[PDB]
Amino acid sequence: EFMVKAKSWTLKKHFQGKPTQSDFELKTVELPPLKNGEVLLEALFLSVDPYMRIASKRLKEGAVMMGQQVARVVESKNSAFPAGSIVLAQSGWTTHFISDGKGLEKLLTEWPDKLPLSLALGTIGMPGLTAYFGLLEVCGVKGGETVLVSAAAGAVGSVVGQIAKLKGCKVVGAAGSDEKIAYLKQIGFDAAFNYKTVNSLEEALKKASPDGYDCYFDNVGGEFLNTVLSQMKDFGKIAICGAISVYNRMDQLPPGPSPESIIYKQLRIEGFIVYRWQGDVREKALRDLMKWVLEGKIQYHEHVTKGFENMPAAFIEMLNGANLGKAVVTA
Amino acid sequence: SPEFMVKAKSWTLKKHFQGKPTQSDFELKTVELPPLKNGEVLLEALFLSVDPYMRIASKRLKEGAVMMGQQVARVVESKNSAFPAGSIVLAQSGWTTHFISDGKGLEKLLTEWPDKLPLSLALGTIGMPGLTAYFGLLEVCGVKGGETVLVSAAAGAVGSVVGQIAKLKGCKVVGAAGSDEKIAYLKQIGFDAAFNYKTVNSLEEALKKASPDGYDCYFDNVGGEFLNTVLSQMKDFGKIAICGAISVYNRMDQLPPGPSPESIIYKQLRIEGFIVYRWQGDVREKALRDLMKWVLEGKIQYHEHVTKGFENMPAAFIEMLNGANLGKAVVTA
Ligand SMILES: NC(=O)c1ccc[n+]([C@@H]2O[C@H](COP(=O)([O-])OP(=O)(O)OC[C@H]3O[C@@H](n4cnc5c(N)ncnc54)[C@H](OP(=O)(O)O)[C@@H]3O)[C@@H](O)[C@H]2O)c1
Ligand SMILES: NC(=O)c1ccc[n+]([C@@H]2O[C@H](COP(=O)([O-])OP(=O)(O)OC[C@H]3O[C@@H](n4cnc5c(N)ncnc54)[C@H](OP(=O)(O)O)[C@@H]3O)[C@@H](O)[C@H]2O)c1
Ligand SMILES: COc1ccc2c(c1)c(CC(=O)O)c(C)n2C(=O)c1ccc(Cl)cc1
């Protein structure tokens, strides 16, 4: 018997504005031996996500940061999760974790070795499912429509654009760098603009689509959303997925949208949470995402930070827009 | 047969509104009308509407133009076979006492109109605002029975109809209005709860007090900060019908902070704007017949806030925006 030392990232201090390296503190803990019905997990790939900026509020200062990871079962006294098997675990930022099967999800069966397991945290996982349902259910695209997506080169945004493309939609993206814009055009976005460098957001959205937009997949909220409303087609739909423009500054209230746009254009605005879709419909969506990736219809890119010690940085840099595609940390 | 000249009075927009409208923004003009040509009719205003939309629509006017709006008018004289002298029409002829029409923009009054119902109802409960309430509640909110419904400006033209249709459809209704008199009126016509949003110590407390289980639909007539407060009270997958936003009409370019993304996402709320004119033809006509039936059955009680005299019309409009009116604001010429 050898002692397993689990390293964990803790919330040393609550976030003020943008998170900093010193808001985090590593702890090391010797784990106990497994009881029957339990497994020992070792992190392979750990996700960092925007929601961690929000969820960190409810944490008691000193607790382990929340999050999902892909982990290998090292030791098992649980027959549902044999040693060597791979699981999705809501175990937070930790190198090793003991579970009784509680928050454990088996990866899609028939998972191809050609596909990196870290895709289970992105395109073929929660962000991909958010994109799938937000676009296909909330916006309800069926072909011919013009779709705008913000944070277009991120984990959710990249999938939205490419699914909208395969559905026969015209797709416009807004992202935060020229490199991101170059990438977006090369994966099928019909138009893409850098939102930081616009002369006028109004004219940028006008140039991208002079006839306006059928669907806005909103990842950023704030004043971007407000400007978008003025350019929605009548009876247009806005899927409120996130509001990242207002996560680092939840204290500073964003100015009101135009009642004129919402009323005159008779717009529909709908917030959604990915977890709303369960059972058969969720499994089918995961199979769809898997198939579209295997068919090269959803290209993927992962923004990989190598090393568990670098996990705080990966999260900070992702919030600031360093990532093209899903931000993932390898142990 | 000797003919006498007709003098038409009109209220013009002297100056575009800046913040709250005032009397000085309006200028009365008197025009001697030409004789009727063949195909034309002379109309005399009976009842003229004042409405919130006029605060926004005014921005498109050229200064010196007649203020826009709908009226119930009588055909005084007619050289148009389609419009008999003595018949009653609705016309979007604006704030004017008399006008000449070639028939183009004239809506014949709803047939089978009973004497016992004041014609001015055609501009409120059995008219545009009643249709707004009808479709806003039944089609946008989509009530089926059992829902808890919140309505702002509850004692106004639209709001009073909303609450009463909701009660006859089997819903629980909560109203917010700006005076104690209005609150007592709301309770009297069947609202389950009603509160004065101006005088309550906390707006959030009053909403939780009125409905602990929260709200299935909010029929929003006011928007602004009031709407922001309501979202925290909404039920999961609740609906907000964006009918109007009167609390911001005076400050469209200086808006207050907007809705909470947390509330909209976390509760998965559905917000929809709508325009009453979306519903036309048979669906619109049936809605009107339904409204009249429910009025005649006593399921929809009405009150009108009547201003006597055309020269009092700008004041009627100003005070309606300021909340003087219980029920539909209307000017009797
Ligand atoms: N409703 C749901 O169930 C659900 C689920 C998952 C995610 N979400 C939401 O979806 C959004 C994207 O999530 P993700 O996981 O795909 O992350 P992501 O897009 O891969 O990463 C976040 C990106 O947002 C952009 N960003 C950061 N600050 C911004 C700001 N000030 N204004 C505009 N853009 C900014 C950055 O890219 P740029 O270079 O383009 O600025 C950054 O790369 C988030 O808002 C998240 O909360 C919602
Ligand atoms: N979408 C459409 O097709 C359509 C059609 C018709 C009407 N509307 C809208 O529906 C709303 C009501 O119309 P209406 O014709 O029935 O007018 P109304 O309610 O009869 O009269 C306006 C009322 O708004 C209230 N109000 C004024 N300022 C306010 C403020 N700052 N905060 C909260 N309430 C305020 C006042 O009542 P209180 O005493 O309660 O404050 C006032 O009596 C308006 O917003 C209008 O634009 C929309
Ligand atoms: C426990 O199931 C959920 C469901 C949805 C959630 C979260 C957790 C968290 C994390 C948390 O618990 O705070 C976030 C951030 N969720 C959002 O979708 C969201 C996104 C943007 C805004 Cl603005 C508000 C909410």
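Indexing begins at 1, ligand by ligand and atom by atom, following the structure's order. FYI, side chains are in, hydrogens and waters are out, and symmetry mates aren't considered; it's all heavy atoms of this structure. Each chain gets a letter, A, B and so on, in the order its sequence line appears, and its residues count up from 1.
- Every residue two or more places apart in sequence or in another chain that forms a side-chain hydrogen bond (donor to acceptor under 3.5 Å, both in side chains) with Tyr132(A) is listed here: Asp288(A).
- Although no hydrogens or angles enter the test, the distance criterion places no donor-acceptor pair under 3.5 Å between the side chain of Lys180(A) and the main chain of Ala174(A).
- Each of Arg53(A), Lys18(A), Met52(A) was compared with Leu319(A) under the side chain to side chain contact (heavy atoms under 4.5 Å, CB included) criterion, and only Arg53(A) meets it.
- Below 30°, between 30° and 60°, or above 60°: for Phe133(A) and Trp277(A) the angle between ring planes is below 30°, a parallel geometry.
- Not a single donor-acceptor pair under 3.5 Å links the side chain of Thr229(B) to the backbone N or O of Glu204(B).
- Taking the six-membered ring for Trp and thresholds of 30 and 60 degrees, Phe272(A) and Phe217(A) have ring planes more than 60 degrees apart, a perpendicular arrangement.
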Return a table of N or O atom pairs, ligand 3 on one side and protein on the other, at distances under 3.5 Å, rounded to 0.1 Å.
{"from": "ligand 3", "atom 1": "13 (O)", "to": "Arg58(A)", "atom 2": "NH2", "distance (Å)": "2.8"}
{"from": "ligand 3", "atom 1": "13 (O)", "to": "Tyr266(B)", "atom 2": "OH", "distance (Å)": "2.6"}

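- At a heavy-atom cutoff of 4.0 Å, ligand 1 is surrounded by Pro50(A), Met126(A), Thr130(A), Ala151(A), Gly154(A), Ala155(A), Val156(A), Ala175(A), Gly176(A), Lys180(A), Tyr195(A), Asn219(A), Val220(A), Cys241(A), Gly242(A), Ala243(A), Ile244(A), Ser245(A), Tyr247(A), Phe272(A), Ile273(A), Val274(A), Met318(A), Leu319(A), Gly321(A), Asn323(A).
- With hydrogens and angles ignored, the 3.5 Å screen pairs a side-chain donor or acceptor of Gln268(B) with a backbone N or O of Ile273(A).
- In this model, a donor atom of one side chain and an acceptor atom of the other lie less than 3.5 Å apart for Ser150(A) and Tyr216(A).
- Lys60(A) pairs by the side chain to side chain contact (heavy atoms under 4.5 Å, CB included) definition with nothing, not counting sequence neighbours.
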